[PDB]
């Protein structure tokens, strides 16, 4: 009843959400195969990333899936159910990230060699699976390829974010 590869209902979406473990995240679906994201709190609070290549598909009339692999070794797969305002994430963290998560807290784009070095040193295993629903607290449409959406770490945002 719908086209699986029509992502026009999802590209441009800018979401802020809080996982049931209390961690607050933000994503911006920048185009059909790219996102920016910004972490506000939790294990890796203040980490942020631009231009992450991702696999984005439509799995229901208003439900989308977005998955990717990171320079740290982390794998991620998210479900965004816009029709029901439901969000679910699975994050597969390498063991070294669980052991010292602050190592990943940076603007990653300026530190890809560092992340790769940490990844390759490990320990990679055992993988830690974080699997949680989240509450979507903000959603807007910011179009494709909008570099103004995520342009600083969360700590540099106005205190009333996203009320602005």
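Positions refer to the first chain, counted from 1.
- The PDB entry records a higher mean C-alpha B factor for 5 to 13 than for its counterpart among 5 to 13 and 142 to 150.
- Legend: mean Cα B-factor per stretch from the PDB entry, 66 to 74 versus 99 to 107; the higher mean is in 99 to 107.
- Between the residues 120, 61, 128, 132, it is 61 that shows the highest Cα B-factor in the PDB record.
- Residue 43: CA B factor in the highest third of modelled residues in this chain (values from the PDB entry).
- The PDB entry assigns residue 91 a C-alpha temperature factor belonging to the lowest third of its chain's modelled residues.
- Annotation for residue 36: CA B-factor lies in the lowest third of the chain's modelled residues.
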